[PDB]
>>> print(open('start_19.cif').read())   # mmCIF, C-alpha atoms and all ligand atoms
data_start
#
loop_
_atom_site.label_atom_id
_atom_site.label_comp_id
_atom_site.auth_asym_id
_atom_site.auth_seq_id
_atom_site.Cartn_x
_atom_site.Cartn_y
_atom_site.Cartn_z
CA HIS E 4 -38.58 -6.46 22.47
CA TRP E 5 -35.05 -5.63 21.44
CA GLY E 6 -34.02 -2.21 20.15
CA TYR E 7 -31.40 0.49 20.79
CA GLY E 8 -32.12 1.93 24.31
CA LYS E 9 -30.95 1.66 27.92
CA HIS E 10 -33.20 -1.24 28.71
CA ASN E 11 -33.55 -2.94 25.35
CA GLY E 12 -30.31 -2.03 23.64
CA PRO E 13 -27.19 -4.03 22.67
CA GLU E 14 -26.10 -4.74 26.16
CA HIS E 15 -29.41 -6.59 26.82
CA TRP E 16 -29.57 -8.66 23.64
CA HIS E 17 -27.78 -11.64 25.07
CA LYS E 18 -30.76 -12.56 27.36
CA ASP E 19 -32.99 -13.29 24.31
CA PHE E 20 -30.12 -14.14 21.92
CA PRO E 21 -27.24 -15.79 23.86
CA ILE E 22 -25.06 -16.04 20.69
CA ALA E 23 -24.58 -12.31 21.40
CA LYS E 24 -21.60 -13.54 23.51
CA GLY E 25 -20.46 -15.95 20.76
CA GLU E 26 -17.14 -16.55 19.07
CA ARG E 27 -17.72 -14.68 15.81
CA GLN E 28 -19.85 -11.64 16.62
CA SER E 29 -19.99 -8.41 14.62
CA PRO E 30 -19.15 -5.62 14.29
CA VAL E 31 -15.48 -5.36 15.28
CA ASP E 32 -12.80 -2.73 15.42
CA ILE E 33 -10.54 -3.02 12.36
CA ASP E 34 -7.03 -2.48 13.64
CA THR E 35 -5.43 -1.57 10.32
CA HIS E 36 -1.89 -2.22 11.40
CA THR E 37 -2.72 -5.80 12.49
CA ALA E 38 -4.87 -6.73 9.50
CA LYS E 39 -2.71 -8.72 7.22
CA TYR E 40 -2.50 -8.24 3.49
CA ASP E 41 -3.57 -11.44 1.77
CA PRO E 42 -2.26 -11.70 -1.80
CA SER E 43 -4.62 -14.69 -2.33
CA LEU E 44 -7.70 -12.46 -1.99
CA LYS E 45 -9.37 -11.59 -5.29
CA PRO E 46 -10.86 -8.27 -6.45
CA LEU E 47 -14.43 -7.98 -5.32
CA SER E 48 -16.92 -8.48 -8.19
CA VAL E 49 -19.98 -6.33 -7.65
CA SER E 50 -22.49 -6.89 -10.52
CA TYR E 51 -25.43 -4.63 -9.90
CA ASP E 52 -26.37 -3.73 -13.55
CA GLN E 53 -29.67 -5.65 -13.37
CA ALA E 54 -30.67 -4.89 -9.78
CA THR E 55 -34.44 -4.62 -9.33
CA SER E 56 -35.33 -2.65 -6.31
CA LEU E 57 -38.90 -3.03 -5.43
CA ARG E 58 -39.72 -1.29 -2.17
CA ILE E 59 -38.47 0.56 0.93
CA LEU E 60 -39.56 -0.34 4.37
CA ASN E 61 -39.34 1.19 7.90
CA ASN E 62 -39.03 -1.94 9.95
CA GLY E 63 -38.70 -0.08 13.22
CA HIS E 64 -34.89 -0.56 13.58
CA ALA E 65 -33.74 0.93 10.27
CA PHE E 66 -35.14 1.21 6.78
CA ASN E 67 -34.56 -1.53 4.19
CA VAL E 68 -34.38 -1.03 0.40
CA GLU E 69 -35.54 -4.44 -0.93
CA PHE E 70 -34.67 -6.17 -4.11
CA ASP E 71 -36.11 -8.90 -6.26
CA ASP E 72 -33.78 -11.77 -5.41
CA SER E 73 -35.78 -14.47 -7.33
CA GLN E 74 -33.26 -14.44 -10.26
CA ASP E 75 -29.52 -13.80 -10.43
CA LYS E 76 -29.68 -10.03 -11.02
CA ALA E 77 -27.53 -8.19 -8.48
CA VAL E 78 -24.71 -10.43 -7.26
CA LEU E 79 -21.53 -10.27 -5.25
CA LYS E 80 -18.72 -12.71 -6.03
CA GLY E 81 -14.96 -12.87 -5.88
CA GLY E 82 -13.12 -11.17 -3.12
CA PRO E 83 -12.93 -13.75 -0.28
CA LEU E 84 -16.06 -15.55 -1.44
CA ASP E 85 -16.60 -18.95 -3.06
CA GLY E 86 -19.62 -18.90 -5.32
CA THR E 87 -22.34 -16.31 -5.84
CA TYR E 88 -24.29 -14.18 -3.40
CA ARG E 89 -27.48 -12.39 -4.39
CA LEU E 90 -28.49 -8.97 -3.09
CA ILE E 91 -31.66 -9.05 -1.00
CA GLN E 92 -31.67 -5.67 0.80
CA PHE E 93 -29.61 -2.77 2.00
CA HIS E 94 -29.96 -0.62 5.07
CA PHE E 95 -27.92 1.80 7.19
CA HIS E 96 -26.90 2.37 10.77
CA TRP E 97 -26.35 5.96 11.88
CA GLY E 98 -25.83 8.24 14.83
CA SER E 99 -27.46 11.12 16.61
CA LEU E 100 -24.30 13.16 15.87
CA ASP E 101 -21.79 13.01 13.05
CA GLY E 102 -19.12 11.57 15.39
CA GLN E 103 -20.88 8.23 15.81
CA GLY E 104 -23.12 5.86 13.90
CA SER E 105 -20.93 3.21 12.25
CA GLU E 106 -20.87 -0.36 13.57
CA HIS E 107 -17.39 -1.26 12.41
CA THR E 108 -14.64 1.09 13.48
CA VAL E 109 -11.21 1.64 11.91
CA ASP E 110 -8.44 2.08 14.50
CA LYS E 111 -11.30 3.04 16.85
CA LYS E 112 -12.57 5.75 14.45
CA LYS E 113 -16.37 5.88 14.26
CA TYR E 114 -17.95 7.08 11.03
CA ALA E 115 -21.25 8.97 10.83
CA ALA E 116 -23.06 5.96 9.38
CA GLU E 117 -22.54 2.58 7.74
CA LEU E 118 -24.33 1.04 4.76
CA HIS E 119 -24.88 -2.73 4.71
CA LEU E 120 -25.65 -4.46 1.37
CA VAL E 121 -26.89 -7.92 2.41
CA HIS E 122 -26.41 -10.87 0.06
CA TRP E 123 -27.19 -14.58 0.46
CA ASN E 124 -25.28 -17.55 -0.94
CA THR E 125 -27.23 -19.06 -3.83
CA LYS E 127 -26.06 -22.58 -2.90
CA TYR E 128 -28.63 -22.44 -0.05
CA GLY E 129 -31.57 -21.52 -2.25
CA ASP E 130 -33.13 -18.72 -0.13
CA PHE E 131 -32.21 -16.22 2.55
CA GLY E 132 -33.91 -18.04 5.44
CA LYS E 133 -31.88 -21.21 4.79
CA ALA E 134 -28.71 -19.19 4.15
CA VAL E 135 -28.74 -17.55 7.58
CA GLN E 136 -28.50 -21.04 9.16
CA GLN E 137 -25.11 -21.61 7.51
CA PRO E 138 -21.61 -20.31 8.42
CA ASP E 139 -21.05 -19.11 4.83
CA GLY E 140 -24.67 -18.15 4.19
CA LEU E 141 -24.40 -14.37 3.85
CA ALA E 142 -21.96 -11.80 2.52
CA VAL E 143 -22.43 -8.25 3.72
CA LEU E 144 -20.71 -5.41 1.95
CA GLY E 145 -20.17 -2.64 4.47
CA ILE E 146 -19.48 0.93 3.38
CA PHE E 147 -18.70 3.81 5.75
CA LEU E 148 -20.37 7.22 5.38
CA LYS E 149 -18.71 10.47 6.35
CA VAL E 150 -20.37 13.90 6.29
CA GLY E 151 -19.12 16.27 3.60
CA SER E 152 -20.24 16.59 -0.01
CA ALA E 153 -23.66 15.12 -0.89
CA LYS E 154 -23.94 11.66 -2.45
CA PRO E 155 -26.19 12.23 -5.48
CA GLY E 156 -27.03 8.53 -5.79
CA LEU E 157 -28.42 8.65 -2.19
CA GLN E 158 -30.92 11.44 -2.77
CA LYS E 159 -33.75 9.21 -4.09
CA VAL E 160 -33.58 7.29 -0.81
CA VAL E 161 -33.52 10.43 1.31
CA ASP E 162 -36.49 11.96 -0.46
CA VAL E 163 -38.78 8.96 0.15
CA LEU E 164 -38.12 8.84 3.87
CA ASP E 165 -40.95 11.34 4.67
CA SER E 166 -43.33 8.65 3.39
CA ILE E 167 -42.01 5.90 5.69
CA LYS E 168 -41.50 7.97 8.77
CA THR E 169 -42.83 5.39 11.19
CA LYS E 170 -42.43 1.70 11.88
CA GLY E 171 -44.31 -0.56 9.47
CA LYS E 172 -44.64 2.01 6.69
CA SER E 173 -43.44 0.94 3.24
CA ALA E 174 -43.36 2.55 -0.29
CA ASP E 175 -42.89 1.46 -3.88
CA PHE E 176 -39.22 1.94 -4.53
CA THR E 177 -38.39 0.69 -7.94
CA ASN E 178 -35.59 1.48 -10.35
CA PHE E 179 -33.15 2.42 -7.58
CA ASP E 180 -29.58 1.73 -8.66
CA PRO E 181 -27.32 0.72 -5.74
CA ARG E 182 -24.22 1.35 -7.87
CA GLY E 183 -24.73 5.01 -6.96
CA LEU E 184 -23.83 4.21 -3.32
CA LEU E 185 -20.40 2.75 -4.01
CA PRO E 186 -17.03 4.53 -3.52
CA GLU E 187 -14.47 4.65 -6.19
CA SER E 188 -12.19 1.90 -4.74
CA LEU E 189 -13.25 -1.66 -3.89
CA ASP E 190 -10.25 -2.23 -1.62
CA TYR E 191 -11.57 -4.05 1.48
CA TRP E 192 -11.04 -5.81 4.77
CA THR E 193 -12.73 -9.16 5.39
CA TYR E 194 -13.40 -11.41 8.40
CA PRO E 195 -15.97 -14.03 9.49
CA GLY E 196 -18.75 -12.62 11.68
CA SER E 197 -22.42 -12.28 12.35
CA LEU E 198 -25.54 -10.30 11.81
CA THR E 199 -25.28 -7.15 13.90
CA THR E 200 -28.96 -7.23 14.87
CA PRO E 201 -30.89 -10.02 16.59
CA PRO E 202 -30.94 -12.91 15.94
CA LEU E 203 -27.16 -12.26 15.69
CA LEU E 204 -26.60 -15.41 13.64
CA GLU E 205 -22.99 -16.31 12.88
CA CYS E 206 -23.51 -16.61 9.14
CA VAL E 207 -21.76 -13.61 7.61
CA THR E 208 -18.58 -13.10 5.60
CA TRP E 209 -18.00 -9.39 6.17
CA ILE E 210 -16.42 -7.32 3.38
CA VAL E 211 -15.81 -3.76 4.62
CA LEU E 212 -14.63 -1.21 2.07
CA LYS E 213 -11.73 0.99 3.06
CA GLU E 214 -12.94 4.08 1.19
CA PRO E 215 -15.93 5.84 2.75
CA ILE E 216 -18.59 7.60 0.75
CA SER E 217 -19.42 11.21 1.52
CA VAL E 218 -22.99 12.28 2.23
CA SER E 219 -24.15 15.75 3.09
CA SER E 220 -25.23 16.99 6.49
CA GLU E 221 -28.69 17.52 4.99
CA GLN E 222 -28.88 13.87 3.83
CA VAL E 223 -27.96 12.42 7.20
CA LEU E 224 -30.31 14.88 8.95
CA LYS E 225 -33.13 13.29 6.95
CA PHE E 226 -32.16 9.84 8.31
CA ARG E 227 -32.38 11.27 11.82
CA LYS E 228 -36.03 12.44 11.27
CA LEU E 229 -37.19 8.85 10.90
CA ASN E 230 -38.94 7.26 13.83
CA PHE E 231 -38.52 3.97 15.59
CA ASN E 232 -42.19 4.21 16.78
CA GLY E 233 -45.30 3.40 14.75
CA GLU E 234 -47.86 5.99 13.68
CA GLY E 235 -49.91 7.32 16.52
CA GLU E 236 -47.32 6.58 19.14
CA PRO E 237 -44.93 8.89 21.11
CA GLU E 238 -42.05 10.07 18.94
CA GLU E 239 -38.60 8.32 19.31
CA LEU E 240 -36.22 9.53 16.70
CA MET E 241 -34.49 6.70 14.81
CA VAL E 242 -30.89 7.54 15.77
CA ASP E 243 -28.02 5.55 17.21
CA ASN E 244 -29.24 2.27 15.71
CA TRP E 245 -25.73 0.76 15.81
CA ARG E 246 -24.22 -2.11 17.80
CA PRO E 247 -20.79 -1.38 19.31
CA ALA E 248 -17.63 -3.26 18.40
CA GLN E 249 -17.51 -6.81 19.83
CA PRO E 250 -14.51 -8.90 20.86
CA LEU E 251 -12.45 -10.16 17.96
CA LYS E 252 -11.65 -13.46 19.78
CA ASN E 253 -10.02 -16.01 17.60
CA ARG E 254 -10.27 -14.12 14.30
CA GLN E 255 -7.99 -12.61 11.70
CA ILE E 256 -8.99 -9.61 9.61
CA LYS E 257 -7.47 -9.78 6.12
CA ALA E 258 -6.79 -6.87 3.79
CA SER E 259 -7.14 -7.00 -0.01
CA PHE E 260 -4.59 -4.17 -0.35
CA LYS E 261 -1.14 -2.89 0.57
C1 LIG L 1 -35.71 -8.67 12.42
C2 LIG L 1 -34.58 -8.06 11.58
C3 LIG L 1 -33.98 -6.89 12.35
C4 LIG L 1 -33.12 -5.94 11.52
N1 LIG L 1 -32.01 -6.56 10.83
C5 LIG L 1 -31.77 -6.70 9.53
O1 LIG L 1 -32.49 -6.19 8.57
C6 LIG L 1 -30.52 -7.38 9.07
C7 LIG L 1 -29.27 -6.89 9.41
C8 LIG L 1 -28.06 -7.44 8.90
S1 LIG L 1 -26.51 -6.67 9.28
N2 LIG L 1 -26.84 -5.37 10.14
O2 LIG L 1 -25.68 -7.60 9.96
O3 LIG L 1 -26.06 -6.26 7.97
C9 LIG L 1 -28.17 -8.64 8.12
CL1 LIG L 1 -26.80 -9.39 7.54
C10 LIG L 1 -29.42 -9.19 7.83
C11 LIG L 1 -30.61 -8.58 8.30
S2 LIG L 1 -32.15 -9.30 7.89
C12 LIG L 1 -32.51 -10.85 8.74
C13 LIG L 1 -31.98 -11.10 10.10
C14 LIG L 1 -32.16 -12.66 10.31
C15 LIG L 1 -33.59 -13.17 10.11
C16 LIG L 1 -34.52 -11.93 9.94
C17 LIG L 1 -34.06 -11.03 8.78
ZN ZN L 2 -26.69 -3.68 9.28
#
>>> encode(input="start_19.cif", output="structure tokens")
Amino acid sequence: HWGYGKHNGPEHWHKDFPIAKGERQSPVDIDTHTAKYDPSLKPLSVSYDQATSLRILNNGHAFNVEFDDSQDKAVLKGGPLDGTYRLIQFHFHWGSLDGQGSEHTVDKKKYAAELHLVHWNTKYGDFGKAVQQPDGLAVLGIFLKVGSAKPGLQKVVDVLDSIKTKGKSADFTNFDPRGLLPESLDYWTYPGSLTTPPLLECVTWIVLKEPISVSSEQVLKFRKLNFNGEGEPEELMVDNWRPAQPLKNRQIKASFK
């Protein structure tokens, strides 16, 4: 099955998932000089006041913090989007070292990690239908750099010991994802894809310019997770990122400057 190594990593995905070589794959390098400022783009509206986290899951590729998406409670709107997108889950991608880990890059700079808040377009009724549509998902991507701790991240970090291995989950209620956001909502946006199999070309990407800072101790806790299940040989969950893919016939737009 697919994963992050030499024989099952990103360079192999196209044999099971030929869209890997498609026209709107993610992530991409964000060449900041070439991105054009679009005065028609709106401020992003992030409305997370009523978010209901329920659980956290080690799915063997990353960990997902899941939300109750059965009512409009945590929604993304505005920005480049038409209509309303409901938060279903967030997860991260991170490196074995602080110098790598992000999926998107900014003028070829790789951040230590990248947070993905995944939302689906309510006009398609549920996530599984949304991923079959070119405007089905909106993913808010946020870079992480290592420096000062992110206090709003600590509840996540502290539960990771309980979900060390693939298939473990834990009650994870009352987590507020507002504590993972940077000060500015200035962003870049482009049409792309899921960055994991099945690599569906269903995502409007919204990548924030301002990274959040997390501490070395926080990211070290990410790197103690395992991609294996309990009772199997230990493979640290590190370097769970797909490299930048060809931009092809796409324009990256900036909400700023
Ligand atoms: C089997 C799932 C493997 C791990 N991937 C994800 O959790 C995932 C990653 C992204 S990303 N990295 O582009 O933000 C997005 Cl947008 C949606 C999904 S969940 C979804 C994938 C399609 C159908 C299965 C669940
Ligand atoms: Zn992701």
>>> residues_around(input="start_19.cif", residues="segment 53-65 of chain E", least_positions_apart="6", cutoff="6 Å", atoms="only C-alpha atoms", output="MDAnalysis selection string")
chainID E and resid 71 76:77 167 170:179 231
>>> closest_residue(input="start_19.cif", among="E:9, E:254, E:246, E:168", to="ligand LIG 1 (chain L)", atoms="only C-alpha atoms and all ligand atoms")
E:246
>>> residues_near_ligand(input="start_19.cif", ligand="ligand LIG 1 (chain L)", cutoff="8 Å", atoms="only C-alpha atoms and all ligand atoms", output="list in words")
residues 29, 62, 64, 65, 67, 92, 93, 94, 95, 96, 119, 120, 121, 122, 132, 135, 141, 142, 143, 145, 197, 198, 199, 200, 201, 202, 203, 204 and 207 of chain E
>>> closest_residue(input="start_19.cif", among="E:129, E:215, E:12, E:81", to="residue 185 of chain E", atoms="all atoms listed in the file")
E:215
>>> residues_around(input="start_19.cif", residues="residue 106 of chain E", least_positions_apart="5", cutoff="12 Å", atoms="only C-alpha atoms", output="number ranges by chain")
E: 13, 28-33, 95-98, 111-119, 145-148, 198-200, 211, 243-249
>>> closest_residue(input="start_19.cif", among="E:209, E:20, E:131, E:70", to="ligand ZN 2 (chain L)", atoms="all atoms listed in the file")
E:209
>>> closest_residue(input="start_19.cif", among="E:158, E:74, E:124, E:232", to="residue 208 of chain E", atoms="only C-alpha atoms")
E:124
>>> closest_residue(input="start_19.cif", among="E:256, E:163, E:144, E:206", to="ligand ZN 2 (chain L)", atoms="only C-alpha atoms and all ligand atoms")
E:144
>>> decode(input="start_19.cif", residues="segment 45-92 of chain E", atoms="C-alpha atoms", output="mmCIF file, in the first residue's frame")
data_model
loop_
_atom_site.group_PDB
_atom_site.id
_atom_site.type_symbol
_atom_site.label_atom_id
_atom_site.label_comp_id
_atom_site.auth_asym_id
_atom_site.auth_seq_id
_atom_site.Cartn_x
_atom_site.Cartn_y
_atom_site.Cartn_z
ATOM 1 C CA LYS E 45 -12.226 38.741 -0.446
ATOM 2 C CA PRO E 46 -10.985 38.445 3.152
ATOM 3 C CA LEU E 47 -11.135 34.863 4.285
ATOM 4 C CA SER E 48 -14.018 34.229 6.726
ATOM 5 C CA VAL E 49 -13.041 31.587 9.252
ATOM 6 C CA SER E 50 -15.968 30.925 11.659
ATOM 7 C CA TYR E 51 -14.818 28.356 14.157
ATOM 8 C CA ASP E 52 -16.711 29.592 17.307
ATOM 9 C CA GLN E 53 -18.979 26.508 17.374
ATOM 10 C CA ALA E 54 -16.494 23.848 16.254
ATOM 11 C CA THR E 55 -17.150 20.465 17.868
ATOM 12 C CA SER E 56 -14.110 18.327 17.849
ATOM 13 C CA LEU E 57 -14.905 14.814 18.681
ATOM 14 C CA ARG E 58 -11.859 12.579 18.338
ATOM 15 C CA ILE E 59 -8.227 12.193 17.232
ATOM 16 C CA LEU E 60 -7.067 9.369 15.109
ATOM 17 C CA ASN E 61 -3.704 7.848 14.010
ATOM 18 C CA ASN E 62 -4.617 6.706 10.547
ATOM 19 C CA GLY E 63 -1.138 5.446 9.765
ATOM 20 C CA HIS E 64 -0.124 8.417 7.525
ATOM 21 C CA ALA E 65 -0.759 11.296 9.945
ATOM 22 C CA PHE E 66 -3.135 11.988 12.791
ATOM 23 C CA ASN E 67 -6.550 13.553 12.168
ATOM 24 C CA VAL E 68 -8.483 15.759 14.627
ATOM 25 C CA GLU E 69 -12.129 15.126 13.601
ATOM 26 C CA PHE E 70 -15.102 17.355 13.878
ATOM 27 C CA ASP E 71 -18.846 16.988 13.920
ATOM 28 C CA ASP E 72 -19.711 18.202 10.430
ATOM 29 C CA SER E 73 -23.450 17.254 10.609
ATOM 30 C CA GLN E 74 -24.499 20.922 11.199
ATOM 31 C CA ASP E 75 -23.021 24.235 10.056
ATOM 32 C CA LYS E 76 -20.699 24.806 13.033
ATOM 33 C CA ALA E 77 -17.153 25.463 11.849
ATOM 34 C CA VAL E 78 -17.183 26.967 8.353
ATOM 35 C CA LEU E 79 -14.866 28.606 5.874
ATOM 36 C CA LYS E 80 -16.284 31.130 3.410
ATOM 37 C CA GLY E 81 -15.194 34.204 1.524
ATOM 38 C CA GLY E 82 -11.696 34.471 0.253
ATOM 39 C CA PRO E 83 -11.755 32.871 -3.230
ATOM 40 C CA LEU E 84 -14.711 30.650 -2.375
ATOM 41 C CA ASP E 85 -18.344 30.698 -3.509
ATOM 42 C CA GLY E 86 -20.601 29.350 -0.812
ATOM 43 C CA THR E 87 -19.859 27.603 2.473
ATOM 44 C CA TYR E 88 -17.384 24.896 3.372
ATOM 45 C CA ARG E 89 -17.651 22.913 6.598
ATOM 46 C CA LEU E 90 -14.657 21.735 8.622
ATOM 47 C CA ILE E 91 -14.368 17.949 8.767
ATOM 48 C CA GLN E 92 -10.804 17.342 10.027
#
